[PDB]
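Participant: Structure incoming, see below.
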Number of protein chains: 2
Amino acid sequence: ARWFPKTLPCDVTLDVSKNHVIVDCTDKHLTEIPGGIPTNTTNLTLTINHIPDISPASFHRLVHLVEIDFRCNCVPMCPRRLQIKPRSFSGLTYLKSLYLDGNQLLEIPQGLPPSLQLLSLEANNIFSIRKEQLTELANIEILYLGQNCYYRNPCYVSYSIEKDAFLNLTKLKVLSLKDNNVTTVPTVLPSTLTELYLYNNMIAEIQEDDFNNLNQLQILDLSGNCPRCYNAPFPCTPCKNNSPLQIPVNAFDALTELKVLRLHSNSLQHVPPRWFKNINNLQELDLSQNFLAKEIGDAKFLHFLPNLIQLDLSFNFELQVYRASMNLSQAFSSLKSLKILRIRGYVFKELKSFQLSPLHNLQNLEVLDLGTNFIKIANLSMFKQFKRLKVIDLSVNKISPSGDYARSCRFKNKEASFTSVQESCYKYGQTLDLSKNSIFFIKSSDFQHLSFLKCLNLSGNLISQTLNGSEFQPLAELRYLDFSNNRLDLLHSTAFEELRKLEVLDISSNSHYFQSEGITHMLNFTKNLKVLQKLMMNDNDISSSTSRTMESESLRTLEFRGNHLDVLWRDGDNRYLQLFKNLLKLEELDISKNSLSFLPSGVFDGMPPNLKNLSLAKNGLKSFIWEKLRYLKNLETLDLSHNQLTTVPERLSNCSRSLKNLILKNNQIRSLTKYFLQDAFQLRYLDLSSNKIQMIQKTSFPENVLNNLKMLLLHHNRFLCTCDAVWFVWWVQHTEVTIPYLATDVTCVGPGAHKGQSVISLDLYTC
Amino acid sequence: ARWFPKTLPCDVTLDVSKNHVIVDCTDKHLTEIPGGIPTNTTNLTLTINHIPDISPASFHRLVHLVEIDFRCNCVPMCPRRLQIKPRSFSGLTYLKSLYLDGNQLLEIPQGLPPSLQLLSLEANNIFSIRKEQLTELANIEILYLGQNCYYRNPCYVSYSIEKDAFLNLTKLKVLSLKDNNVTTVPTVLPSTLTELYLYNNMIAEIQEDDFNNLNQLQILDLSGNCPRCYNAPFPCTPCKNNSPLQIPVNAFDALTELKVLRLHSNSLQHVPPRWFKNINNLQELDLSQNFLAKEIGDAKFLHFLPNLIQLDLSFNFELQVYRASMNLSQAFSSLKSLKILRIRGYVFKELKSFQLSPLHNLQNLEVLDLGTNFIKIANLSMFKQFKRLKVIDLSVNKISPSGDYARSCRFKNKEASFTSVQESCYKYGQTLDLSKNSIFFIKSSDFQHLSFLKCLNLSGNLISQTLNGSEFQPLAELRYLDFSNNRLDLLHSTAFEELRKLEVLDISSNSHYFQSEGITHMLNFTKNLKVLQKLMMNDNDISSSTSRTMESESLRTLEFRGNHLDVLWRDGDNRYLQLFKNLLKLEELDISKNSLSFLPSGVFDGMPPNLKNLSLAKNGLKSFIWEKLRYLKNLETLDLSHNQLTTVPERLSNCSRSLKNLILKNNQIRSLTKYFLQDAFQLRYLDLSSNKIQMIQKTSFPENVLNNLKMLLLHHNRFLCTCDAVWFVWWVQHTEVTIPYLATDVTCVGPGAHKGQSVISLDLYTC
Ligand SMILES: *[C@@H]1O[C@H](CO)[C@@H](O[C@@H]2O[C@H](CO)[C@@H](O[C@@H]3O[C@H](CO[C@H]4O[C@H](CO)[C@@H](O)[C@H](O)[C@@H]4O)[C@@H](O)[C@H](O)[C@@H]3O)[C@H](O)[C@H]2NC(C)=O)[C@H](O)[C@H]1NC(C)=O
Ligand SMILES: *[C@@H]1O[C@H](CO)[C@@H](O[C@@H]2O[C@H](CO)[C@@H](O[C@@H]3O[C@H](CO[C@H]4O[C@H](CO)[C@@H](O)[C@H](O)[C@@H]4O)[C@@H](O)[C@H](O)[C@@H]3O)[C@H](O)[C@H]2NC(C)=O)[C@H](O)[C@H]1NC(C)=O
Ligand SMILES: *[C@@H]1O[C@H](CO)[C@@H](O[C@@H]2O[C@H](CO)[C@@H](O[C@@H]3O[C@H](CO)[C@@H](O)[C@H](O)[C@@H]3O)[C@H](O)[C@H]2NC(C)=O)[C@H](O)[C@H]1NC(C)=O
Ligand SMILES: *[C@@H]1O[C@H](CO)[C@@H](O[C@@H]2O[C@H](CO)[C@@H](O[C@@H]3O[C@H](CO)[C@@H](O)[C@H](O)[C@@H]3O)[C@H](O)[C@H]2NC(C)=O)[C@H](O)[C@H]1NC(C)=O
Ligand SMILES: *[C@@H]1O[C@H](CO)[C@@H](O[C@@H]2O[C@H](CO)[C@@H](O[C@@H]3O[C@H](CO)[C@@H](O)[C@H](O)[C@@H]3O)[C@H](O)[C@H]2NC(C)=O)[C@H](O)[C@H]1NC(C)=O
Ligand SMILES: *[C@@H]1O[C@H](CO)[C@@H](O[C@@H]2O[C@H](CO)[C@@H](O[C@@H]3O[C@H](CO)[C@@H](O)[C@H](O)[C@@H]3O)[C@H](O)[C@H]2NC(C)=O)[C@H](O)[C@H]1NC(C)=O
Ligand SMILES: *[C@@H]1O[C@H](CO)[C@@H](O[C@@H]2O[C@H](CO)[C@@H](O)[C@H](O)[C@H]2NC(C)=O)[C@H](O)[C@H]1NC(C)=O
Ligand SMILES: *[C@@H]1O[C@H](CO)[C@@H](O[C@@H]2O[C@H](CO)[C@@H](O)[C@H](O)[C@H]2NC(C)=O)[C@H](O)[C@H]1NC(C)=O
Ligand SMILES: *[C@@H]1O[C@H](CO)[C@@H](O[C@@H]2O[C@H](CO)[C@@H](O)[C@H](O)[C@H]2NC(C)=O)[C@H](O)[C@H]1NC(C)=O
Ligand SMILES: *[C@@H]1O[C@H](CO)[C@@H](O[C@@H]2O[C@H](CO)[C@@H](O)[C@H](O)[C@H]2NC(C)=O)[C@H](O)[C@H]1NC(C)=O
Ligand SMILES: *[C@@H]1O[C@H](CO)[C@@H](O[C@@H]2O[C@H](CO)[C@@H](O)[C@H](O)[C@H]2NC(C)=O)[C@H](O)[C@H]1NC(C)=O
Ligand SMILES: *[C@@H]1O[C@H](CO)[C@@H](O[C@@H]2O[C@H](CO)[C@@H](O)[C@H](O)[C@H]2NC(C)=O)[C@H](O)[C@H]1NC(C)=O
Ligand SMILES: *[C@@H]1O[C@H](CO)[C@@H](O[C@@H]2O[C@H](CO)[C@@H](O)[C@H](O)[C@H]2NC(C)=O)[C@H](O)[C@H]1NC(C)=O
Ligand SMILES: *[C@@H]1O[C@H](CO)[C@@H](O)[C@H](O)[C@H]1NC(C)=O
Ligand SMILES: *[C@@H]1O[C@H](CO)[C@@H](O)[C@H](O)[C@H]1NC(C)=O
Ligand SMILES: *[C@@H]1O[C@H](CO)[C@@H](O)[C@H](O)[C@H]1NC(C)=O
Ligand SMILES: *[C@@H]1O[C@H](CO)[C@@H](O)[C@H](O)[C@H]1NC(C)=O
């Protein structure tokens, strides 16, 4: 509630349905908590700042607070550790969540309210755990005590937990003890635990009674214990004699609701089937970064995982061993419900069709990761049986053509699963990611029996070929093709002619043959592509073109950034003026970073009629005309950021009748016209940030136009806060226009003592 | 003769033994020929400048001139073409050589003296050749008429040569017609020709009588005619139907003294043995960039080349064909005198021992080039039979570990053979250049049967390994090892321990594992290397080191540039002060680009006692102390160029008693001390160029010290030419100290009209 604030430099968000008020003071360099904080707020954000300590009077009048964030308030360049006065949180009866990460605290704070449910104490100096200060947390549910003693934040003392310290926490559900130099699992954990995170510790042995009472546990993490330290870019201490993490056979017996089990980087050598005897509902299993190269050939334990969804076996290669072929066990056929399989880091020479026979009967298999394996010989025709597969990974391996602040400062989710990189090519269907391979030329015979491919990634292969319309012949149903970081010779206009169903084509980073001058550059090759929608050819350094115009009856998006359009539009050269005129259906243009000092008169007449998104960022426009914008009758998102313009148009209404997203970020504008926004009711977005503007007059910014503006930015500029802008000073602190960084970035240059003064916090009584 | 010049801005070199005087006015921006040119000069250099035309009075008083250079005086940004007045060269009776390249001349200049022997007319607009203007050249010997009409300098007209134009040039020896758009070989050439250069032309057919009278010809070039235009980065036009350069069988019949024959890039398909029936003394043969992939398997013509020295067969691959193995004909055993063999661009999958059997009996074979072939499988043990070989090339191909201005503006030599890149590893003996390959880890078994290797290049392989002293075990006689552009983990001090005879070690560009902090960096691994002489570990970004000191009893050169020595020598950290103290035999240090803002007091005390070459360039030294140089009792080549120093030492004699090569290039020094060079007789080299110096007093630059100075640079600075430096003005134009760029770079800032005035050309009579 309270809606209208007074001088708070933090953003305020209201959710009447959720009855939640959010105050975000992230990155504000506040030495002390600002005054005038509303009593109706619920979430308080107090991240990286210069707060010396916490006083009980800080939250004296705040009783509706349910979330307090104090993450990374002093990162070890920082003064002494934060000191919390006694009874500094007892007044918050409605408190439920509290974050105190990165505060260099020595002991657990006391006096916490009994209504607390979440507590985060990561990146602190708490290496001792006793029941006395845990008695007050009898109602907690989620506890985060990780990252208290490890290589980034050392304490030189092993973690000490007294007996049955967590036993009385009956409401505990999630416990995290990562990177805490723990040696022994802290028995006895409460029986209501669901997620246990003990990874990246120094645990060497597991007792048979360690998880004897945990029956509702769902997520268990035991990574980093006795890790594989070979070629490790971080300080890690292998266990002695390389010994693996000793886990008894009857260890995971009481676990019945377990769903996620992570054993990554444990130097394991054998996986006994007795471990998975009781856990029948296991879904995700991680066994990466171990020494299970021989176990994969046996994989006898896979017979006890009928409901497995994810299986990770990455980076299990043997030192000084180069396998001739992948040895997949026949027990892999028992994974009926398997969906994702990762066999990276299993470096081997040749991949054959019969080596993937166990995976032929997996109906639910979708992702098959095989990248970073240095595969030399691989017949691509063997994938004709994996039509149901969604993503096939053939990454940096060497397949060739066939011969004849800190972490806790952000990410409030804390313990979260590794989110897979969702590439733009996955949404189109079947994907064959052949990027960064040893393919140097394309044959139509290699891609045979692959008519089902809806996507193909060939970036980074460094292919030097002159396509003429016969290479991608079998790929009849291909819709997305990536050809970035290659050497494409556009000597023929029939390139990509046989890709009848192609929609998105990417030929970026092909600067080699485009940099040369005098050779033919058939830029009209898009005429044959009937259903092409998007074409990305940026960073190509295109300086000349044999074709006068580019023709396409279906192209909608065109990225032409990082090229040389100044030479194409050189003074006295009107050949390539109407280069984009024939693109009838084009709606978005991205001609940026083209070193365009000036725009020759006539290019706007040669623009496509349906243009809607024009970008000219980082171009260095010394003088950009404005009266020619009348030709574009559909322009809505003109962008001129990071340019060297110096004058705004006399009347924006006379220039464009549909512009609504004007952007002039990081420009050099000292003053605006006296009728800049006169009768321009169609505008909704405007940006003048990072400029050299001095003052704004009333006649240039009418309130009628300003009422409908969704966003307006005037920060990080050179405004002068003198007595000549009393109307601006009154309006900036009396309007409802969303102006971000109104009290943090926009300051006053002068005069005199007014340096660094906040414009919204100005009151010139003498004016 | 004449020794002493007056105001010439060109360097003068005298050779009394050769009676030759050289005047070099290269890159001087001389609008007109300067006055006061000596009459005793012999070679005149008048390269790129702004000379509008040539007048007969230019060389009126010069009669001893034997060489005039006018190369690239107007490169097509340039005014109208150079105009030569009639009878502008008839007065030079002693003229023998004349260069007129890059002058946009339309016709051959007339009135040349009969004593001329060399004439260069490259990069001109002369596309017509007639006997009338060639009559005056009856005594010429070397003619250069190439680069007159091609893609860089087009003329849109085919070259026209009248019948028997060159017939009467009886003294002609070398003729060049490259890139001249020639269609037919200009019959009839004189019988005294020795070198003929007709490459890069449009010749489609050769007649049987084309070389009927040439019996003394030694070098013949026919490249570029009907070239292989596939993947060509320059505008080239294939011949029709791909047809090859039609050469009759009885074409090279009259040639008996031919030694070099170049047929590179001719789209040849078959090489009949009848061509080499008469030429028995052939030494170098070039057949690269052709379609002779099938002919290599036959190579029937090789039986007629018993004295062949060089054989080039690079880039003869078949389009859309990936050969399984290299098919070398058995006729290669007939090349008894073969020394260099290049089989690049013959892309094939696997290389076996038996495929190199024909080369097993070549006793004189030294270089075997096999790079850029995409070889996948290659057993390195098969090279044990090629012990007599000097260089073995295993370049960018994908071998993996075994499994289980213009051109004529410079280069006065013109037509010169392709000089092979002499790498630094060739002088040490046998070389196995395995750079840029697909090797990702090193095994001792792979390098078996290779104990004869004296050099090994492994740069660019991107190997991530933690060597402990057992990988390079069979390489007992290795003396040079290159490990640049890799990922070396220095976790053990026993790395490279088994390389007992290693002398030069290069571990540069290994920034990956050195950038990480907290991991061990054993920098004392050089202790085991008993005979190590040079160690290059630059561009490694070394910021921390576990070892306190580096120990080596034989190291003499150490390159430590592009690292982070500021953190190692951070204020309050005296652990790594004596890092280089234990290098007893060290004589050269290259600690540059280390971001050293300042040198902590004590590093000079920790320097090796025998240090002789210290470099601190591009370091940003805000304030460099000078009294501490007394510790270094053997310093001779101190370098502080491209730094931010601001003060010279009070007395250089008190600082160092042996410094003789002080360098302060591109520094920021406004003034010198009044006793900078007092009693410093041991100095021989001094540099203060590119500084902000204002004036030099007499008491700081005594003539006694200046007499023994070999070189002194004071150019490109901010000297003021006022009445306060009359002694400096008198001395600069009255001393014999070698001061380069005395009349071209060093100017006067002021005062007023004295902007840009030459100091040596100053005479202040009013002073
Ligand atoms: C202001 O503070 C409020 C508390 O003081 C915040 O309310 C919290 O909002 C989160 C969601 O953002 C709730 O989390 C719940 O989690 C359960 C369990 O899901 C678990 O598993 C999923 C994966 O399947 C994982 O993503 C979750 O993080 C959990 O680990 C869900 O079933 C719920 O739908 C919900 O996501 C908290 O419970 C809730 N706290 C309270 C006390 O209600 C609020 O988000 C804050 N607002 C801002 C803007 O910061
Ligand atoms: C000043 O001008 C003088 C002429 O006006 C220059 O004298 C010339 O010097 C060059 C050497 O630099 C002489 O070239 C001769 O070439 C023959 C034949 O060798 C040929 O083959 C070799 C490869 O084996 C090749 O490198 C050569 O270039 C030749 O193609 C050699 O046997 C000789 O030793 C010598 O190298 C000229 O003959 C000579 N000209 C005259 C008229 O004597 C002088 O170099 C100029 N000085 C400067 C500083 O520019
Ligand atoms: C994680 O906990 C272990 C607990 O053992 C820590 O190991 C301990 O580390 C300290 C500090 O390096 C060692 O103290 C050292 O003692 C030697 C004398 O023995 C002294 O010369 C050193 O200067 C240092 O004070 C201690 O010995 C060592 N404990 C054992 C059993 O070896 C480890 O440091 C902790 N990790 C982190 C990141 O804090
Ligand atoms: C085809 O495969 C290539 C390589 O596997 C993909 O290129 C890679 O794409 C990812 C995601 O866009 C890039 O990651 C990003 O890197 C930038 C730094 O450049 C970083 O700031 C981002 O946060 C993100 O991590 C990755 O750099 C890029 N690699 C290269 C060499 O460009 C490509 O996206 C794939 N194409 C399709 C259509 O999936
Ligand atoms: C090397 O010599 C050949 C000699 O044929 C040159 O080919 C000629 O090039 C000119 C200029 O492109 C061609 O003229 C053209 O004529 C057409 C009408 O046919 C006209 O529309 C064009 O605007 C142009 O004026 C000429 O036809 C062509 N000769 C032949 C037989 O095709 C070649 O250009 C020369 N190369 C260089 C680099 O100068
Ligand atoms: C081992 O093999 C590698 C690669 O074959 C050699 O590196 C290459 O060395 C050459 C000659 O020094 C470099 O050429 C130079 O390039 C610079 C531009 O960087 C240019 O300004 C010079 O004029 C010259 O052309 C080449 O760049 C370099 N390649 C790489 C990737 O660094 C290396 O020299 C070999 N080592 C030994 C001991 O032979
Ligand atoms: C694939 O892995 C399996 C399991 O490790 C290998 O089978 C074992 O092979 C060894 C060596 O011959 C025998 O001593 C074991 O008795 C075998 N066990 C079983 C269960 O068969 C198999 O040889 C591997 N295949 C390849 C090609 O590497
Ligand atoms: C990759 O596998 C496919 C199919 O397994 C091979 O295709 C065979 O090609 C030959 C010659 O073209 C035909 O006679 C066969 O009938 C094809 N097989 C089938 C099942 O139709 C292809 O040759 C393999 N690639 C390589 C390099 O061996
Ligand atoms: C596209 O390029 C391919 C590759 O050169 C052409 O295929 C060749 O065509 C020629 C002429 O008909 C034949 O002599 C070759 O035998 C063909 N090679 C192969 C491997 O089939 C193809 O004709 C070109 N297509 C177009 C339309 O230009
Ligand atoms: C793309 O434009 C080029 C010209 O820039 C077209 O090439 C011309 O094609 C016609 C028809 O065969 C020929 O008569 C011309 O001689 C060609 N000119 C050149 C310079 O090659 C090409 O056809 C166009 N392609 C498409 C698909 O429209
Ligand atoms: C290596 O090259 C030789 C010469 O081209 C090949 O020998 C020819 O092979 C073809 C095809 O079998 C025959 O028609 C010719 O009669 C052969 N000529 C001679 C002189 O033998 C040979 O087959 C090639 N070898 C390989 C492995 O490619
Ligand atoms: C590369 O060639 C060498 C020699 O031709 C092979 O060395 C053989 O290795 C086996 C097993 O170690 C021995 O039994 C043989 O006696 C060796 N040959 C000789 C001549 O001594 C080596 O195995 C080959 N590399 C590969 C990967 O096959
Ligand atoms: C290089 O220096 C390291 C120390 O920086 C040496 O490692 C020590 O070796 C001794 C002898 O075995 C041990 O007692 C120490 O515990 C080691 N210290 C560390 C930090 O590892 C190493 O021996 C030196 N190597 C050489 C060749 O002198
Ligand atoms: C124009 O591009 C911007 C880029 O962020 C996008 O937000 C906007 O929706 C686009 N407008 C249209 C009409 O596509
Ligand atoms: C500017 O707008 C006014 C008012 O609509 C109109 O009368 C005038 O013609 C316009 N001028 C231009 C150049 O568009
Ligand atoms: C010092 O290095 C320079 C670098 O050019 C070299 O010229 C000089 O000979 C070296 N001096 C000694 C004594 O090695
Ligand atoms: C400087 O040199 C003079 C003369 O040799 C000597 O007397 C004096 O002690 C020296 N001072 C220093 C600091 O070296």
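Letters for chains follow the order of the structure tokens (A, B, ...), residue numbers begin at 1 for each chain, and ligand numbers begin at 1 in the order shown.
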At a cut-off of 9 Å, which residues of chain B touch chain A? Count only C-alpha atoms and give the answer as JSON, numbers by chain.
Facilitator: {"B": [151, 152, 230, 231, 232, 233, 234, 235, 236, 320, 321, 322, 323, 324, 325, 348, 349, 374, 376, 398, 401, 402, 403, 404, 438, 441, 442, 443, 464, 465, 466, 489, 512, 513, 516, 517, 518, 519, 520]}
Participant: Skipping near chain neighbours, those fewer than 3 positions away, what residues fall within 7 Å of residue 476 of chain B using only C-alpha atoms, listed as a ChimeraX atom specification?
Facilitator: /B:451,473,499-501
Participant: Compute the set of protein, DNA and RNA residues whose minimum atom distance to ligand 8 is at most 10 Å, using only C-alpha atoms and all ligand atoms, and state it as a PyMOL selection string.
Facilitator: chain A and resi 352-353+377-384+401-404+445-449
Participant: Enumerate as a compact mmCIF listing (two decimals) with N, CA, C and O atoms, in the first residue's frame the residues within 12 Å of ligand 13, counting only C-alpha atoms and all ligand atoms.
Facilitator:
# COMPACT_ATOMS: atom_id res chain seq x y z
N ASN B 468 55.10 -34.96 -15.70
CA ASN B 468 55.84 -35.27 -14.48
C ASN B 468 57.21 -35.86 -14.76
O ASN B 468 57.87 -36.33 -13.83
N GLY B 469 57.65 -35.86 -16.01
CA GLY B 469 58.98 -36.33 -16.36
C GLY B 469 59.06 -37.70 -17.00
O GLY B 469 60.09 -38.36 -16.85
N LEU B 490 51.91 -26.89 -14.69
CA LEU B 490 53.19 -27.01 -13.99
C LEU B 490 52.97 -27.36 -12.51
O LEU B 490 53.35 -26.63 -11.60
N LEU B 491 52.33 -28.51 -12.30
CA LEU B 491 52.06 -28.98 -10.95
C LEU B 491 53.22 -29.75 -10.34
O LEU B 491 53.19 -30.03 -9.13
N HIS B 492 54.23 -30.10 -11.13
CA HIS B 492 55.38 -30.84 -10.64
C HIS B 492 56.66 -30.17 -11.10
O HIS B 492 56.73 -29.62 -12.20
N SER B 493 57.68 -30.22 -10.24
CA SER B 493 58.99 -29.67 -10.57
C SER B 493 59.83 -30.62 -11.41
O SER B 493 60.94 -30.26 -11.80
N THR B 494 59.33 -31.83 -11.68
CA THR B 494 60.06 -32.81 -12.47
C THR B 494 59.68 -32.79 -13.94
O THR B 494 60.02 -33.72 -14.67
N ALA B 495 58.98 -31.75 -14.40
CA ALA B 495 58.64 -31.64 -15.80
C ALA B 495 59.89 -31.42 -16.64
O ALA B 495 60.79 -30.68 -16.25
N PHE B 496 59.94 -32.08 -17.80
CA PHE B 496 61.07 -32.00 -18.72
C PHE B 496 62.38 -32.45 -18.06
O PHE B 496 63.46 -32.01 -18.44
N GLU B 497 62.28 -33.34 -17.07
CA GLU B 497 63.48 -33.80 -16.38
C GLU B 497 64.28 -34.78 -17.23
O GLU B 497 65.52 -34.79 -17.18
N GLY B 518 45.85 -20.08 -6.82
CA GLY B 518 45.73 -21.06 -5.77
C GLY B 518 46.33 -22.41 -6.09
O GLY B 518 46.60 -23.19 -5.17
N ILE B 519 46.55 -22.70 -7.37
CA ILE B 519 47.17 -23.96 -7.76
C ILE B 519 48.68 -23.80 -7.78
O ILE B 519 49.21 -22.70 -7.96
N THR B 520 49.38 -24.91 -7.58
CA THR B 520 50.83 -24.88 -7.51
C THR B 520 51.43 -24.53 -8.87
O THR B 520 50.98 -25.01 -9.91
N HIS B 521 52.46 -23.69 -8.85
CA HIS B 521 53.19 -23.28 -10.05
C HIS B 521 54.67 -23.48 -9.77
O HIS B 521 55.36 -22.56 -9.33
N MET B 522 55.17 -24.69 -10.04
CA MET B 522 56.56 -25.03 -9.78
C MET B 522 57.43 -24.34 -10.81
O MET B 522 57.63 -24.85 -11.92
N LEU B 523 57.96 -23.17 -10.46
CA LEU B 523 58.82 -22.40 -11.34
C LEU B 523 60.28 -22.80 -11.25
O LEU B 523 61.10 -22.29 -12.02
N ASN B 524 60.63 -23.69 -10.32
CA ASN B 524 62.00 -24.16 -10.17
C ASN B 524 62.28 -25.43 -10.95
O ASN B 524 63.22 -26.17 -10.62
N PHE B 525 61.48 -25.71 -11.98
CA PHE B 525 61.67 -26.92 -12.79
C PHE B 525 62.92 -26.86 -13.66
O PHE B 525 63.31 -27.89 -14.21
N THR B 526 63.54 -25.69 -13.79
CA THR B 526 64.75 -25.56 -14.60
C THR B 526 66.00 -26.08 -13.91
O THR B 526 67.06 -26.12 -14.53
N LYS B 527 65.90 -26.46 -12.63
CA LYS B 527 67.07 -26.96 -11.91
C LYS B 527 67.57 -28.27 -12.51
O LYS B 527 68.78 -28.49 -12.61
N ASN B 528 66.65 -29.15 -12.91
CA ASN B 528 67.06 -30.44 -13.45
C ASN B 528 67.67 -30.31 -14.84
O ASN B 528 68.51 -31.13 -15.22
N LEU B 529 67.25 -29.31 -15.61
CA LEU B 529 67.78 -29.10 -16.95
C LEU B 529 69.21 -28.59 -16.84
O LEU B 529 69.45 -27.40 -16.59
N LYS B 530 70.18 -29.49 -17.04
CA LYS B 530 71.57 -29.15 -16.80
C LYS B 530 72.18 -28.30 -17.90
O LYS B 530 73.03 -27.44 -17.62
N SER B 544 51.31 -15.86 -9.84
CA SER B 544 51.73 -16.46 -8.58
C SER B 544 52.67 -17.62 -8.87
O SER B 544 52.65 -18.20 -9.95
N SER B 545 53.50 -17.94 -7.88
CA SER B 545 54.48 -19.02 -8.03
C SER B 545 54.66 -19.69 -6.68
O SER B 545 54.93 -19.02 -5.68
N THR B 546 54.52 -21.02 -6.65
CA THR B 546 54.77 -21.76 -5.43
C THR B 546 56.25 -21.72 -5.06
O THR B 546 56.61 -21.48 -3.90
N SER B 547 57.12 -21.94 -6.04
CA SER B 547 58.56 -21.88 -5.79
C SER B 547 59.00 -20.45 -5.53
O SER B 547 58.59 -19.52 -6.24
N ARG B 548 59.83 -20.27 -4.51
CA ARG B 548 60.29 -18.93 -4.16
C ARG B 548 61.31 -18.41 -5.15
O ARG B 548 61.30 -17.22 -5.50
N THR B 549 62.21 -19.28 -5.62
CA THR B 549 63.28 -18.88 -6.52
C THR B 549 63.37 -19.85 -7.69
O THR B 549 62.94 -21.01 -7.60
N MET B 550 63.93 -19.37 -8.79
CA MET B 550 64.21 -20.19 -9.96
C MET B 550 65.69 -20.51 -10.01
O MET B 550 66.53 -19.60 -9.96
N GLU B 551 66.02 -21.79 -10.11
CA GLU B 551 67.39 -22.26 -10.06
C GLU B 551 67.79 -22.83 -11.41
O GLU B 551 67.07 -23.66 -11.98
N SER B 552 68.95 -22.40 -11.91
CA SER B 552 69.50 -22.92 -13.16
C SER B 552 70.97 -22.55 -13.22
O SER B 552 71.31 -21.38 -13.08
N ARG B 575 58.54 -11.98 -0.80
CA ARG B 575 58.83 -13.39 -1.01
C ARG B 575 59.54 -13.62 -2.34
O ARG B 575 60.51 -14.37 -2.41
N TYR B 576 59.07 -12.97 -3.41
CA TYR B 576 59.59 -13.19 -4.75
C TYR B 576 60.52 -12.06 -5.20
O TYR B 576 60.62 -11.78 -6.40
N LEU B 579 63.76 -13.55 -7.19
CA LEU B 579 63.25 -14.63 -8.04
C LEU B 579 64.30 -15.10 -9.04
O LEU B 579 64.43 -16.30 -9.30
N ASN B 582 69.15 -16.83 -8.34
CA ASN B 582 69.87 -18.09 -8.46
C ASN B 582 70.31 -18.41 -9.88
O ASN B 582 71.10 -19.34 -10.07
Participant: Counting only C-alpha atoms and all ligand atoms, name the residues that have an atom within 6 Å of an atom of ligand 16; the answer should be given as a short mmCIF file (atom, residue, chain, number, x, y, z; two decimals) with C-alpha atoms, in the first residue's frame.
Facilitator:
data_model
loop_
_atom_site.label_atom_id
_atom_site.label_comp_id
_atom_site.auth_asym_id
_atom_site.auth_seq_id
_atom_site.Cartn_x
_atom_site.Cartn_y
_atom_site.Cartn_z
CA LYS B 612 74.01 -7.94 -19.26
CA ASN B 613 70.77 -7.33 -21.23
CA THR B 637 71.96 -2.75 -22.65
#
Participant: For atom CA of residue 51 of chain A and atom CA of residue 88 of chain A, quote the distance in Å rounded to one decimal.
Facilitator: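 The value is 14.9 Å.
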